[PDB]
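Given as structure tokens, the chain that follows is alone and in the form deposited in one PDB entry.
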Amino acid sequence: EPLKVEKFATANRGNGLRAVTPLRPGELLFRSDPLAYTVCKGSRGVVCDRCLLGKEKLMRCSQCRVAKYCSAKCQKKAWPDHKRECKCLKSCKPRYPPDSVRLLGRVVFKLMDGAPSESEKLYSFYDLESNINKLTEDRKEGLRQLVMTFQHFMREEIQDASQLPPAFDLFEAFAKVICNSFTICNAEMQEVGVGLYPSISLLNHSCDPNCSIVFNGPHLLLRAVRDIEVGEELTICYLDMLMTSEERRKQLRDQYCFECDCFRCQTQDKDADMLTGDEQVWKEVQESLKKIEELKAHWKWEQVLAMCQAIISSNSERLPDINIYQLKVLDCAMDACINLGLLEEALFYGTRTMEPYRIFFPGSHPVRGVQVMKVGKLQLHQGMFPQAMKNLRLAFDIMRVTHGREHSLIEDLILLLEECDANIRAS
């Protein structure tokens, strides 16, 4: 198949990707497995190390007892890419390395022992942007500590430069990991892993992008979400949509070393609506969200729900649902109720997010597609067939663009649409 995309040198944002042919919304542009990936801090022992799917019971690697798998197939298939880190994870017990260190170990083993990776077809780990001449002294100190952490963790497998690729610099390698890591999300949009996809790392950022990525386990799909002309730069949004221009400025500086002067950032687009309600209340909710999100990252649903209900149904002052901190609380509560089987209560929170999600996820965004699908599924199983169908159709209109036929969630959605249709036909 001929490529619809190509690497090019941009005028002021380094290398990028641009369209070779005219592109339409939903068009599949690229697909990739990671060069290297690992389970996240919070999802370790909750999801399979290999397929990143959750299971009631996981089977642990007998040698390290750190890697956990859904099946014998996943444990065995993961063995070649786990063999060398196994000895390191076992040796350094009970200490567990930062996710970036575990990830870089897997990069090194892949580059040393594995065949050239399809993930590096357009751009390789060697080519990745490091932004070393923009790093602050504070960041360089942090990277030096990551380098020493890697040297300690990898002691059993990597003793010197002979066991690293030629002229491989660990400080530069961690600088590349900081601004090129992908957060892997499961079908429900829960963060479950971190990975490197060097060809996909050619995509520059936009606060209003024309492309979008989706994960199907560790597999990444890149799709157009707007019409794109020949030669037009392809962009993705690196950030959560529920962020003010000040919050985007801080992350883009701290993690990616750049300043954005796009229309949204120049006009603080949507900031005022995102921060409606009383500042003392949303500052408290924003602070509480640090704990709620940490609990959610560790799949502690009962504790997530308890903290969220204390806000949503507070005896004290409340926020509008369009306030992004209130909205994040509603979304955490919805996901906690779904995972706990409190479907009536999940629908209540989920329905409240629908109008704010319409506003903050314009066009076709996979996060809104999945949220609308969750609400439609909740309504379907409660027998609200005309309402469920409207939402399942809306979810399909978004997800046919953001997920496409190559994503297994689209098959799950088609089954809900057919189920809902049969129910309306028998009514």
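If you superpose the two forms and keep the largest set of C-alpha atoms that fall within 1.5 Å, you have the rigid core. From 1 onward, residues are counted along the sequence shown.
Below: the form deposited in another entry, not depicted.
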item	value
Displaced position between this form and the one not shown, chosen from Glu317, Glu229, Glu246, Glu344 (C-alpha, 2 Å or more, rigid core)	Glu317
Core superposition between this form and the one not shown, C-alpha change of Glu6 at least 2 Å	no
Core-superposed C-alpha of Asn15 shifting 2 Å or more between this form and the one not shown	no
Large Cα move at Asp113 between this form and the one not shown, threshold 2 Å, rigid core	yes
Distance direction in the other entry for the C-alpha atoms of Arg318 and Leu305, relative to the displayed form (3 angstroms or more)	farther
Pairwise C-alpha change, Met334 versus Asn315, in the other entry against this form - closer or farther, 3 angstroms or more	closer
